[PDB]
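Sequence lines, in order, name chains A and B.
Read in order, the letters of the first sequence are residues 43 to 417, 426 to 513 in PDB author numbering.
Read in order, the letters of the second sequence are residues 43 to 417, 426 to 513 in PDB author numbering.
Yeah, the Cβ is synthetic: ideal placement off N, Cα and C, and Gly gets one too.
Written out below as structure tokens is the structure these notes cover.
Protein chains: 2
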Amino acid sequence: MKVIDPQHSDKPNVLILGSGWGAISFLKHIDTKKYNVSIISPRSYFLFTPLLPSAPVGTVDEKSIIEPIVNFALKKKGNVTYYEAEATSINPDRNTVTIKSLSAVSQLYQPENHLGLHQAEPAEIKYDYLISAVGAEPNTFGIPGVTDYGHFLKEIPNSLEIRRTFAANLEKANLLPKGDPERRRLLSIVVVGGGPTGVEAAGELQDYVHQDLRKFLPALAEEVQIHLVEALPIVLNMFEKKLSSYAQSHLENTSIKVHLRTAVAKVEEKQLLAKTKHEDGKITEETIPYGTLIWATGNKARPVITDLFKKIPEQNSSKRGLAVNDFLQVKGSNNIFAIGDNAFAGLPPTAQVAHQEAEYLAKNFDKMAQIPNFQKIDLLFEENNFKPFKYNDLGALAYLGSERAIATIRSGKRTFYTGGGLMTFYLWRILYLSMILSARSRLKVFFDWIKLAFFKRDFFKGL
Amino acid sequence: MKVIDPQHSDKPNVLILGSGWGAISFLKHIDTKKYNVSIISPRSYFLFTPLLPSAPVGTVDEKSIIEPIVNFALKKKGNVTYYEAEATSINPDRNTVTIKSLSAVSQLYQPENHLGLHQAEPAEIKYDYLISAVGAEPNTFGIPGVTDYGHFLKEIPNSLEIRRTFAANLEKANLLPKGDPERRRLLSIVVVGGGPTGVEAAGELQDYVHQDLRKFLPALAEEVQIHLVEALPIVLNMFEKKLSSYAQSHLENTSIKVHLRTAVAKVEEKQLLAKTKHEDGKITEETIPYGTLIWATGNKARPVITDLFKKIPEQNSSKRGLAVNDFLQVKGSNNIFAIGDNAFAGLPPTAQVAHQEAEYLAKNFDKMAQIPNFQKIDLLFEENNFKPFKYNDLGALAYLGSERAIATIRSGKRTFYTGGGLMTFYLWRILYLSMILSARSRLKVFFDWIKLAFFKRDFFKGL
Ligand SMILES: Cc1cc2nc3c(=O)[nH]c(=O)nc-3n(C[C@H](O)[C@H](O)[C@H](O)COP(=O)(O)OP(=O)(O)OC[C@H]3O[C@@H](n4cnc5c(N)ncnc54)[C@H](O)[C@@H]3O)c2cc1C
Ligand SMILES: Cc1cc2nc3c(=O)[nH]c(=O)nc-3n(C[C@H](O)[C@H](O)[C@H](O)COP(=O)(O)OP(=O)(O)OC[C@H]3O[C@@H](n4cnc5c(N)ncnc54)[C@H](O)[C@@H]3O)c2cc1C
Ligand SMILES: NC(=O)c1ccc[n+]([C@@H]2O[C@H](COP(=O)([O-])OP(=O)(O)OC[C@H]3O[C@@H](n4cnc5c(N)ncnc54)[C@H](O)[C@@H]3O)[C@@H](O)[C@H]2O)c1
Ligand SMILES: NC(=O)c1ccc[n+]([C@@H]2O[C@H](COP(=O)([O-])OP(=O)(O)OC[C@H]3O[C@@H](n4cnc5c(N)ncnc54)[C@H](O)[C@@H]3O)[C@@H](O)[C@H]2O)c1
């Protein structure tokens with residue numbers, strides 16, 4: 043029951059799922075004069091995921107790297123509606139999306155209707171076009187215990203969750219005497235995943251331990267040991283070999299114990315079972331005790347997308363995400379598009395890919411606006435002659451700790467960059483600032499780095 | 043059981059209760075070469091209470107107006123120990139203080155002992171001298187419902203508690219249609235107390251509603267009504283009549299409904315019963331519906347101080363706080379001192395008073411260091435010839451909203467200030483910045499005000 047369906051306007055109802063890179067990048071460029079836009083997301087803010095590994099340790103504040111959805115929609119002149127809720131079912135036959143956990147509805151540039159909704163009431167939202175940018179969710183690979191005893195580094199609440207844990211262990215351990223093995227354990231951190239998230243997380247945590255904790259509890263700081271665990275034989279594989287080594291070396295120089303070729307078989311409350319494959323093909327078992335565990339491995343399709351696989355014939359055998367056209371249309375659907383991590387275009391799950399995908403689609407959308415037939427769709431795209439989506443790989447950036455980073459900057463075939471150390475760390479800084487989506491988020495981080503230069507980090511367990 | 047008592051050193055063990063204005067101002071000036079200092083407080087940070095009314099609405103961030111205790115103790119060269127716990131009993135006969143809810147113990151500039159304490163374990167902390175600066179706690183006057191349905195503006199968790207409430211009501215109300223009286227109620231705020239805390243709280247809340255909420259939900263913003271309730275016939279009575287009127291007028295011009303001569307008799311979930319005395323001496327009853335209620339009235343002695351009243355003969359009949367000498371020594375005690383709100387010197391309960399009291403005592407303490415007899427105390431003070439505490443009233447400052455404030459600046463008999471509007475608002479700004487206790491807290495707020503000038507306030511219900 044309960045169906046929301048506004049259509050007094052002679053504009054198509056475009057409906058966006060998500061408030062991330064895809065969803066927001068799309069919103070930034072969509073023509074609200076030609077279309078009526080509605081957004082559904084449980085998160086009322088955009089999250090600049092690349093600096094999320096700085097939040098917990100407090101290099102940057104959780105508020106500095108987020109921006110309200112409504113601040114974006116305010117720059118769009120036309121009608122924007124934001125439902126603060128989560129999409130539970132996509133219904134292609136009815137062209138609605140069932141939502142759940144409705145917190146709020148904001149109607150911007152709309153001095154008009156009242157939907158008659160109540161909080162936490164279920165409702166179907168009709169759409170003429172659907173853009174699905176709900177992102178992926180963290181994958182535990184069915185490795186038992188991960189969720190029970192570990193923390194993802196994925197959203198903002200995760201950042202607080204980590205600080206509270208580490209804070210609590212610092213407090214508990216410092217009461218125990220130096221000898222106690224429990225004290226050594228509680229001061230142990232284990233970051234699973236040698237992908238940039240994990241590398242940056244391990245590095246940031248270290249910077250704090252070296253630069254801040256040491257300033258007033260050096261007896262503790264010395265006993266803290268940070269482990270990084272990677273199943274592959276190399277860290278940051280998306281970079282050149284030359285840089286993946288320098289990263290690994292530098293991490294080790296900052297006192298991080300890098301466990302290469304090591305796969306976590308199980309996670310217990312106070313330790314995790316690791317298997318390691320060696321050069322000679324032998325498998326050895328290790329036990330790594332831990333106080334804090336950060337799980338920064340790969341991601342996985344959300345149940346809403348899994349749900350949808352079964353409802354469309356030619357998605358039945360999809361797994362990673364929605365199989366999608368060269369025009370980023372969900373195969374088997376006449377009016378649904380998918381961008382970013384919930385889509386499958388055999389491209390890397392990266393904000394870079396989501397950003398481009400979004401822009402391409404938005405431009406296609408105002409192109410559709412000037413064609414009678416859109417006012426069955428599969429064919430019109432090729433018929434009316436506009437390009438398929440071609441991804442342009444711009445490169446990669448990763449902070450390694452101790453004011454060092456690696457970089458590669460390309461466009462197409464040419465590669466032009468500096469990927470060393472201290473120089474690259476500044477580049478990394480600048481480049482990140484620049485590719486932030488808002489002046490506010492930009493100014494906040496600029497100030498956060500200046501205060502860092504003079505006073506180095508806030509670590510409040512209740513804030 | 044369990045008594046902590048370090049005394050290998052030939053220095054007296056000075057023990058401080060609290061991490062506020064008294065406790066910290068005292069710490070800033072106490073001579074740690076002559077004395078071994080220990081602090082007990084459940085709060086691990088200093089709170090700049092004058093800007094606490096800016097936190098909830100997000101003019102300033104909760105982190106910008108707080109500073110860790112250990113940051114202060116780090117500037118003190120000698121031994122400082124911080125117990126993160128609350129004092130539950132003061133024991134004059136034993137010269138110990140029983141503590142409870144022990145979270146952590148930090149020993150700074152002490153490469154030495156291990157106390158053998160565990161978390162949430164009870165323990166008595168011995169002292170040679172005790173300074174009690176635990177402050178007061180909010181007074182509901184036994185008016186039923188206040189705690190059940192209302193929020194104090196006292197500590198940092200209060201600021202989050204208020205934002206969450208207001209945020210929740212904004213979300214709920216916006217779903218209801220304009221007509222609905224529930225919508226009007228949920229958008230209703232009631233700030234009890236015409237003291238500067240309430241005035242500033244009501245004003246800040248207003249600035250947000252006018253300057254921010256209006257930018258994206260003007261239909262809501264218009265329906266929000268802020269009430270201010272004061273039992274006396276005037277607001278901000280500590281100021282001259284001329285200024286108390288201008289304040290009241292300006293508040294009314296910013297659309298705040300000021301209920302003068304109005305005392306809250308009872309608080310229900312959705313409304314509160316008010317009685318109002320009129321010019322002609324008639325009592326009329328009012329019902330003020332509310333969604334959010336902020337209780338910013340007077341304060342009250344904590345149970346730890348109440349507990350102590352009974353243990354000392356000449357404190358038996360104390361009520362507001364500990365009766366105290368002209369040397370700020372607790373009457374009836376030979377080694378206990380009390381400063382700030384938990385003390386009673388017939389002076390106003392203000393950070394200004396607590397700041398001076400603390401300095402005076404610290405200076406007295408290094409004076410005691412050079413006299414054999416301190417290495426029974428009541429007499430020595432007058433005998434060894436140093437001044438009693440004389441309070442110097444420096445004046446008063448209060449922000450009124452809409453970038454206006456009132457000010458009075460004096461020292462002794464002479465009064466020299468500008469107390470008008472926009473001018474005074476800047477003065478207010480400068481003067482507050484200057485009387486912050488740390489460069490970090492100072493820089494943070496300076497940046498918070500600049501970001502305000504360009505982007506106006508973060509209002510995140512989960513942060
Ligand atoms: C810690 C970290 C660091 C990273 N650093 C980098 C980097 O430096 N460079 C880089 O290129 N990439 C980086 N990434 C990857 C990048 O963040 C992702 O590729 C990107 O988020 C994908 O964009 P998206 O819009 O598909 O999903 P997201 O950006 O995650 O957004 C998905 C949105 O969907 C919402 N949502 C979830 N479920 C529902 C539902 N049922 N209904 C409605 N909405 C829903 C979410 O709240 C979210 O707003 C990083 C990722 C992480 C976790
Ligand atoms: C919102 C607000 C705004 C204010 N604005 C102003 C202003 O503009 N100007 C002004 O002059 N005054 C102002 N005040 C008043 C001023 O803050 C107090 O008079 C001053 O804080 C008193 O200092 P204190 O050390 O006595 O107590 P506080 O500064 O309150 O500090 C008390 C300390 O004791 C700790 N504590 C509590 N219980 C225990 C226990 N059992 N054991 C150990 N520690 C304990 C607390 O955590 C805290 O660290 C304001 C107060 C509030 C609430
Ligand atoms: N182009 C850019 O601007 C840019 C920059 C930085 C990062 N990124 C992207 O950000 C994304 C962040 O993802 P990520 O950092 O989690 O990398 P990832 O999730 O792709 O890699 C996770 C790693 O964990 C390892 N792993 C899996 N299971 C394991 C187990 N049981 N035990 C131990 N290790 C295990 C895997 O071998 C893998 O290398 C990446 O996809 C990356 O491409 C993009
Ligand atoms: N010198 C400075 O720099 C400076 C500046 C501002 C404030 N201050 C001090 O800080 C404090 C700020 O205010 P506060 O939080 O202490 O409040 P307060 O204790 O100053 O006053 C509380 C107010 O609430 C009223 N009230 C009491 N019961 C009531 C009821 N049932 N219904 C309605 N109203 C009721 C009282 O009449 C009183 O006006 C003051 O004590 C002030 O002296 C100092």
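Proximity of residue i and residue j at Cβ, strictly below 8 Å
i, j, result
"A:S491", "A:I107", "yes"
"A:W337", "A:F475", "no"
"A:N367", "A:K373", "yes"
"B:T130", "B:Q152", "no"
"A:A244", "A:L293", "yes"
"A:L262", "A:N216", "yes"
"B:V271", "B:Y191", "no"
"B:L93", "B:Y467", "no"
"B:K214", "A:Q161", "yes"
"B:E327", "B:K317", "yes"
"A:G333", "A:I231", "yes"
Within chain A, the residues that residue i reaches when beta carbons sit closer than 9 Å
i, result
"B:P219", "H156, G158"
"B:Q161", "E213, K214, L217"
"B:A146", "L212, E213, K214, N216, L217"
"B:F258", "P110, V112, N113, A115, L116, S148, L150"
"B:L255", "Near B:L255 there are no residues of chain A at all, since even the closest Cβ is about 10 Å away, more than 9 Å."
Under 7 Å by beta carbon: chain A residues contacting residue i
i, result
"B:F510", "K105"
Where the beta strand (DSSP E) containing residue i begins and where it ends
i, result
"B:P391", "Counting along the chain, B:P391 falls outside any beta strand (DSSP E), and DSSP gives it neither H nor E."
"A:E126", "122-133"
"B:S174", "171-174"
"A:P110", "108-110"
"B:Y449", "445-451"
"A:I81", "78-83"
"A:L513", "It is not in any beta strand (DSSP E) - A:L513 carries neither H nor E in the DSSP assignment."
"B:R454", "454-461"
Residue environment, residue i, which counts as buried when at least 16 other CB atoms sit within 10 Å
i, result
"residue 26 of chain A", "Any answer about residue 26 of chain A is impossible in this case: the structure gives chain A only from 43 up to 513."
"B:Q290", "buried"
"A:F88", "buried"
"B:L255", "buried"
"B:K494", "buried"
"A:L429", "exposed"
"B:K426", "exposed"
"A:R225", "buried"
Where residue i meets chain B, residues with beta-carbon distance less than 8 Å
i, result
"A:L195", "Correct list: empty, because the minimum Cβ distance to chain B is about 17 Å."
"A:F505", "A489, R490, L493"
"A:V251", "Chain B residues near A:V251: none, gap ~16 Å exceeds 8 Å."
Rounded distance between the beta-carbons of residue j and residue i, thought under 8 Å
i, j, result
"B:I141", "B:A165", "6 Å"
"A:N113", "A:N78", "With 8 Å as the limit, A:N113 and A:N78 do not qualify as a contact, their Cβ atoms being about 20 Å apart."
"A:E126", "A:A146", "4 Å"
"B:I81", "B:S61", "7 Å"
"residue 421 of chain B", "B:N358", "Chain B lacks the residues between 417 and 426, and residue 421 of chain B is one of those with no coordinates."
"A:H156", "B:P238", "Not confirmed; about 40 Å, so no contact."
"A:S488", "A:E109", "5 Å"
"A:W63", "A:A396", "4 Å"
"B:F183", "B:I381", "Contact doesn't hold; Cβ gap of about 26 Å is too wide."
Chain B residues whose Cβ lies nearer than 9 Å to that of residue i
i, result
"A:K501", "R490, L493, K494, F497"
"A:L89", "Neighbours of A:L89 on chain B: none; closest Cβ ~12 Å, over 9 Å."
Range covered by the alpha helix (DSSP H) that runs through residue i
i, result
"B:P199", "198-217"
"A:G235", "Segment: none, A:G235 is in no alpha helix (DSSP H) and carries neither H nor E."
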